[PDB]
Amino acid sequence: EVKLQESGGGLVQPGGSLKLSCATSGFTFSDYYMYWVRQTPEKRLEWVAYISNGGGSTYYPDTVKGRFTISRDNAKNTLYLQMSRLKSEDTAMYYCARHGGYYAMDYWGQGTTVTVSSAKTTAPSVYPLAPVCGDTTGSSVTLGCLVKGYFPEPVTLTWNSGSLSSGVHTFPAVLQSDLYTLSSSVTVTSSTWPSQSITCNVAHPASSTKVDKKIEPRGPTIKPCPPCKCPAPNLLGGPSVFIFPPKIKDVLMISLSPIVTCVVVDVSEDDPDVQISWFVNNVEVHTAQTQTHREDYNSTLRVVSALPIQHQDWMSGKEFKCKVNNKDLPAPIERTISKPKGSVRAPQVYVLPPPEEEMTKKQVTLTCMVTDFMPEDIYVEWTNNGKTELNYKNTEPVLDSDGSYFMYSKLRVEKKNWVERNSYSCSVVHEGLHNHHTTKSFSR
């Protein structure tokens, strides 16, 4: 088919230039004289210009002589129109039209809108016009949407993104003091209006505004309750915060250094340094030697804040808070950790010898059994003549029938060392233990 798509319409202050393009594609451009004709908003049509196949013969009416010059680029099939000293009178729809041969336009394009006005471009506002609260039920449930305050023409108003076209009506937008207003009424069928989402779709070119106001039912007033005095946003989706307890051994042991970690994940280069705040039971422990590293990984950054704690502090179920803050945070996020109040029982620790039916292989299996203890938090290791033995594995603690926990620690060793007698010992550390540490040994 033959097509003529114009482009470059818009708004321009008086005295400003504009260049319209009329991309043609469906025939041999070079074989026809092209024209440009505009039509005022009042509907009168005016011939604007003529240009021979070659582009060496032009003609213009007196109303535009000098300001406009039509040109073409046969190499690209596109026609053109450059206007230099625009007036408001020059406001209209410009149509590039192919010449039919007999001094008449056989084909016209879609037209582009051009408005010459000192006024500034204004984005419109859309309003879903649901019917009256007094639900006037019947069959013809007519609805509509108001599009008010936009400049300049035109806008594209459609329902259901285009599907609903029956019973619709769109009113020639009109203007009152530098602003346009347009309404559309869709006299849809009874059926059950609230069944298929009827949406008012409006787009404005000059401001790149595409809005879809779903038309929702005007329900009966006064039934529930407004927002229960909820303040400004106290959360969002962005950096995340996690808190971690020190390991049972670090705290229970005087020597070791307990630490409470707070890690903040999911952040990028636009939001660098992040605020950190530590408070023991809300007490202002203003960055109490809290080292805070910033690492690198998958594509984001993860900050790691570590606060060295006082052994007894944690043990006294005190509260350890971590308050994180940054510009993108609507409200600061603060986590909290503490030692849970719990019953305590001392671990009855036993060491079992490798089963007799295994005194053949090169390796043997020492088993450390830990039972009846509370809380579940514990730490057991194997030791040889003082040095922390390697090659032992620990089961996770399991909850026995009587509410207590048990667990085993297996140690694999070369039989030689076993029969020759060596100092292999299971050493456990649990809060409910003499000095937090017992260490049952072997015999033969």
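Residue numbers here begin at 1 and follow the sequence given.
Practice prompt. Determine, for stretches 64 to 72 and 50 to 58, which one has the higher mean CA B-factor as deposited.
Written response: 50 to 58 has the higher mean C-alpha B-factor.
Item to complete: Tell me which of 419 to 427 and 15 to 23 has the higher mean C-alpha B-factor in the deposited entry.
Response: Taking the mean C-alpha B-factor of 419 to 427 and of 15 to 23, the larger value falls to 419 to 427.
Worksheet item: Quick one: which of 147, 243, 123, 333 has the biggest Cα B-factor according to the entry?
Response: Largest recorded C-alpha B-factor: 333.
Practice prompt. Could you check 251, 322, 97, 141 and tell me which one carries the biggest Cα B-factor in the deposited entry?
Written response: Highest C-alpha B-factor among the listed options: 322.
Practice prompt. Divide the modelled residues of the chain into thirds by Cα B-factor and specify which third, lowest, middle or highest, holds residue 410.
Written response: Lowest third - that is where residue 410 ends up once the chain's C-alpha B-factors are sorted.
Worksheet item: Once the chain's modelled residues are ordered by C-alpha B factor and cut into thirds, is residue 101 in the lowest, middle or highest one?
Response: Lowest third of the chain for residue 101's C-alpha B-factor.
Worksheet item: So where's residue 386 on the chain's Cα temperature factor ranking, which third?
Response: Its C-alpha B-factor, which the entry lists for residue 386, ranks in the highest third among residues of this chain.
Worksheet item: What third of its chain, lowest, middle or highest, does the C-alpha temperature factor of residue 373 fall into?
Response: Within its chain, residue 373 is a lowest-third residue by C-alpha B-factor, going by the deposited values.
Fill in: Where the record places residue 207 (Cα B-factor, split into thirds across the chain)
For residue 207, the deposited C-alpha B-factor lands in the middle third.
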